[PDB]
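In the deposited numbering, the protein residues as written are 584 to 631. Take a look at the structure set out below.
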RNA sequence: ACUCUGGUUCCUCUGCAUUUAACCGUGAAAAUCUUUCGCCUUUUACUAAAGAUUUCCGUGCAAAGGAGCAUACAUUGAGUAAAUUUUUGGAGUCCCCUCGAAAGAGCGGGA
Ligand SMILES: [Mg+2]
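Structure follows, in structure tokens:
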């Protein structure tokens, strides 16, 4: 971000996808904490 | 009877994918310029909207050439195989009057 502050656009978007993914992932007995490994949405952002 | 060609899979070149309601992309970046908002003692890197252009990751089809695999001649464009009322298994023949040298023609007449 130091060398390209517009990259805050993608930083925000991966923060937004994490909330999207986690709150559907962490449902029922699956609690808070590590293990949410659905890496594909976040990966795509950085390829674009 | 004519000329027309082996299937598949892959590589690469060339051309085209504008009458967009909308869509070569059921996905989604970056830049430049112009303008308008917000940061700010400046510039860069920025905010977030508009308009105009670019680059980049990709897409489709046609056509040509080549490279691998196992193997088949047909088949495309041009063009093949019924004696019972309505058609293709005979209601057909023959003979007088008329106009005209000539040969036909009248819902002509007769067997
Ligand atoms: Mg100065």
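For each residue, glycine too, the CB sits at the ideal point set by N, CA and C.
Can you tell which of the options has its C-alpha closest to the C-alpha of residue i?
i	options	result
residue 622	588, 586 and 603	603
residue 620	611, 630 and 600	600
Which same chain residues, not among the five before or five after residue i, have their C-beta less than 7 Å away from its C-beta?
i	result
residue 591	584
residue 624	600 and 604
From what residue to what residue does the alpha helix (DSSP H) around residue i run?
i	result
residue 629	623-630
residue 594	591-608
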